[PDB]
Amino acid sequence: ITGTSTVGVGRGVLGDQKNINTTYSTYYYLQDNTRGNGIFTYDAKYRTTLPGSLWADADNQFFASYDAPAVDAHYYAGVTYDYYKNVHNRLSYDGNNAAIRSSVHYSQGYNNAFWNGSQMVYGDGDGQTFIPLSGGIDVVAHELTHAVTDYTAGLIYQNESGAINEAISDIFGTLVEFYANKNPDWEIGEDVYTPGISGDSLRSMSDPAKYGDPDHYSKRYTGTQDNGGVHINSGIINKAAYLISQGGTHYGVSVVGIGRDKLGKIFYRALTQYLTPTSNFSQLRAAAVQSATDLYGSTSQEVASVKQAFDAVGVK
Ligand SMILES: CC(C)C[C@H](NP(=O)(O)CNC(=O)OCc1ccccc1)C(=O)N[C@@H](CN)C(=O)O
Ligand SMILES: [Ca+2]
Ligand SMILES: [Ca+2]
Ligand SMILES: [Ca+2]
Ligand SMILES: [Ca+2]
Ligand SMILES: [Zn+2]
């Protein structure tokens, strides 16, 4: 909408106060004009029609329980935009500052979040498996990263290419979580998963097997559920990424860690310069080796560690 840029205040899903960029024109809208061609947050009103209505508020204060998922979707989309711009010199998901749109309060009891080809969508959860999913910064960044992937490598959402697609979203979700630097970890979705169980998460990158996901290519899932295991076999790549950054010895193979920043540079370059819609795990290894070679040189530690990490998870 046309209006003037304003700054509202509200509370997110976890009860924390934050400022949010809004737009005033009769109402205050969840429309942040400070980033690209805008970040826009919508109310889906417990229905499945999308996007719903652009979020309107009478007083620019967002402290109601119903407001909390909108506050976080809007704010964390801003953090994710900032990460891509400041760290990777990428302007929104398409590289040309496309408007970023999210809808909250999608459906009833909906235990998921997704990119639908055009926008982000967040359920409220059923209060048992999830609370409103925009409360997780890693979740928000996971979803926006699907849009980045779709505009760049275009990884098809099935089998190995789809597991890479998933891992890319977990990797950058985690790197955005570290960028914001509030309780960062290598776990996925811990802030909104299972409110009655402490200390768990939907996936672990540091130890995928903690939740039954494979941590070695020889343990990959080969069936048809979950688009050929895209959220399962992602553990193999997540583990490799974790090892590149943090190091470790895994199935007897030692990896010297090179840190998060270099992990992000290597995988961002792989995603945007080398991967294709049908890339498999072996081709991802080759893309990461080439990317590290471009950035750091063929004889570098960074290249050697990429090779070590993929060896550790059984990907040649
Ligand atoms: C980080 C997480 C809390 C949320 C994450 N959602 P996502 O990967 O973005 C789910 N996208 C999808 O299906 O795209 C495919 C698609 C959907 C709609 C239109 C086009 C394409 C996830 O890990 N979900 C699991 C939750 N057991 C799942 O969906 O199995
Ligand atoms: Ca209000
Ligand atoms: Ca965390
Ligand atoms: Ca996390
Ligand atoms: Ca939990
Ligand atoms: Zn995903």
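Side chains included, hydrogens not; waters and symmetry mates left out as well; all remaining heavy atoms used. Numbering starts at 1 and runs along the sequence shown. Each ligand, and each atom within it, is numbered from 1 in the order the structure gives.
- Distances from atom 13 (O) of ligand 1 to the heavy atoms of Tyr157, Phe130, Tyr193 show the closest one on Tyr157.
- Between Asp294 atom CG and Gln290 atom CD the span is 4.5 Å, to the nearest 0.5 Å.
- Checking side-chain atoms of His105 against main-chain N and O of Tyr66 turns up a donor-acceptor pair under 3.5 Å.
- Side-chain atoms of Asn165 come within 3.5 Å of backbone atoms of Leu155 as a donor-acceptor pair (strictly under, hydrogens ignored).
- Near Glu166, with a cut-off below 4.0 Å to any heavy atom, the atoms of ligand 1 are 8 (O).
- Looking at heavy atoms from C-beta onward, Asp124 lies out of side-chain contact with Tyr110 at the 4.5 angstrom threshold.
- To the nearest 0.5 Å, atom CG of residue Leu144 and atom OG of residue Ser102 are 8.0 Å apart.
- Side-chain atoms of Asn111 do not come within 3.5 Å of backbone N or O of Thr129 as any donor-acceptor pair.
- Residue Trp115 touches ligand 1 through its backbone alone, judged by heavy-atom distances below 4.0 Å.
- In summary, the atoms of ligand 1 found under 4.0 Å from a heavy atom of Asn116, numbered by their order in the structure, are 19 (C).
- Within 6.0 Å of atom CG in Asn112, more than 12 heavy atoms from other residues, nucleotides or ligands are found, so the atom counts as buried in its surroundings.
- Residue side and main chain included, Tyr193 places an N/O/S atom under 3.0 Å of the Ca ion (ligand 5).
- When distances from the Ca ion (ligand 5) to the N, O or S atoms of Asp200 are compared, OD1 comes out shortest.
- The side chain of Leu202, and not its backbone, has at least one atom closer than 4.0 Å to an atom of ligand 1 (non-hydrogen atoms only; side chain from C-beta on).
- Exactly one of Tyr122, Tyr106, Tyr157 qualifies for a ring-ring contact (aromatic ring centres under 6.0 Å, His included) with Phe114. That residue is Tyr106.
- No donor-acceptor pair under 3.5 Å is formed between the side chain of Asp213 and the backbone N or O of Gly235.
- Of the listed residues (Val140, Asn112, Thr129, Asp170), the one carrying the non-hydrogen atom nearest atom 24 (N) of ligand 1 is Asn112.
- Centred on the Ca ion (ligand 5), the O atom of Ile197 and the OG1 atom of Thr194 lie at an angle of 100°, reported to 10°.
- The backbone N or O of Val255 lies less than 3.5 Å from no partner atom in the side chain of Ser305, so there is not a single donor-acceptor pair.
- For the pair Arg285 and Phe310, the NZ or CZ position fails the cation-pi test of under 6.0 Å to the six-membered ring centre and within 45 degrees of the ring normal.
- In terms of polar-atom proximity, defined here as any N/O pair under 3.5 Å, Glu143 does make such a contact with ligand 1.
- The shortest separation from a heavy atom of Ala113 to ligand 1 is under 4.0 Å, placing the residue in contact.
- Ligand 1 places these atoms under 4.0 Å from at least one heavy atom of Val139: 3 (C).
- With sequence neighbours excluded, the residues satisfying side chain to side chain donor-acceptor pair (under 3.5 Å) with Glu160 are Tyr217.
- The Zn ion (ligand 6) has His142 NE2, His146 NE2, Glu166 OE2 as protein N, O or S atoms under 2.8 Å away.
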